[PDB]
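Single-structure report; data block below.
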Amino acid sequence: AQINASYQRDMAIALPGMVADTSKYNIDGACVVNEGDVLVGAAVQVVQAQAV
Amino acid sequence: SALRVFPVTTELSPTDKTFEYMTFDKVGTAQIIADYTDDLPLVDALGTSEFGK
Numbered sequence: 002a003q004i005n006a007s008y009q010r011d012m013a014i015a016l017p018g019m020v021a022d023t024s025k026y027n028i029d030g031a032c033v034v035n036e037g038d039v040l041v042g043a044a045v046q047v048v049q050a051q052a053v
Numbered sequence: 055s056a057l058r059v060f061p062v063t064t065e066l067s068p069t070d071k072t073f074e075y076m077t078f079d080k081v082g083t084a085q086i087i088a089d090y091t092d093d094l095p096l097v098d099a100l101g102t103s104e105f106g107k
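Chains as they are written, first to last, in the authors' numbering: chain L, 2 to 53; chain F, 55 to 107.
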């Protein structure tokens, strides 16, 4: 008759801006985007830190 | 007129020689945070006291 077939596909490894491992890590979540837009997988700069 | 125009209490026992009362306080703050945040401020407290005879 016919011969059946079976395939295989592997998923990707990562996506931009994704935490890789579960090692010691620290996110600062008290920051505001002062001007413009920020991409997910890119570095940032600190314009000014408020005093009070 | 001294007991008439000022309150009278009964806290102290006959044998006591002194007494003491205390006050308290606090400090703290808060901020606007995001989803994955490990940065959160803290609070504390203080206190004093005085005496009599």
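Think of the CB as a built atom: it goes at the ideal place given N, C-alpha and C, for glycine as much as any other residue.
Q) Contact check, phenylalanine 105 of chain F vs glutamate 65 of chain F under 8 angstroms by CB: the rounded distance? A) Reading the second sequence from its first residue, position 51 is the one you call residue 105 of chain F. Reading the second sequence from its first residue, position 11 is the one you call residue 65 of chain F. Contact doesn't hold; Cβ gap of about 14 angstroms is too wide.
**Q.** Helix, strand or coil at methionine 19 of chain L according to DSSP, with G and I counted as helix
**A.** As a position in the first sequence, residue 19 of chain L is number 18, starting the count at 1. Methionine 19 of chain L: coil per DSSP, three-state reduction.
Q) So does the region 24-37 of chain L actually touch the region 87-96 of chain F, counting three or more Cβ pairs closer than 8 angstroms? A) yes
Q.
Pull the bridge partners of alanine 99 of chain F from the DSSP assignment, please.
A. Counting from 1 along the second sequence, the entry for residue 99 of chain F is found at position 45. F:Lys80.
Q | One or two residues paired with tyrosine 75 of chain F in a DSSP bridge | A | Here residue 75 of chain F corresponds to residue number 21 of the second sequence, with the count starting at 1. Looking at the DSSP assignment, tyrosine 75 of chain F forms a beta bridge with F:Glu104.
Q | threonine 77 of chain F beta carbon less than 8 angstroms from that of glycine 101 of chain F | A | As a first step, residue 101 of chain F must be located in the second sequence, where it is residue number 47. As a first step, residue 77 of chain F must be located in the second sequence, where it is residue number 23. In this structure, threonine 77 of chain F lies closer than 8 angstroms to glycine 101 of chain F by Cβ.
Q) Would a check of beta-carbon distances place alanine 88 of chain F closer than 8 angstroms to chain L? A) Within the second sequence, residue 88 of chain F is the residue found at index 34, counting from 1. Taking Cβ atoms only, chain L reaches closer than 8 angstroms to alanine 88 of chain F, which makes this a yes.
Q) Along chain F, in chain order, which residues have C-beta atoms closer than 8 angstroms to that of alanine 13 of chain L? A) Start at 1 with the first residue of the first sequence, and residue 13 of chain L comes out as number 12. Within 8 angstroms Cβ-Cβ: nothing; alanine 13 of chain L doesn't reach chain F, min ~22 angstroms.
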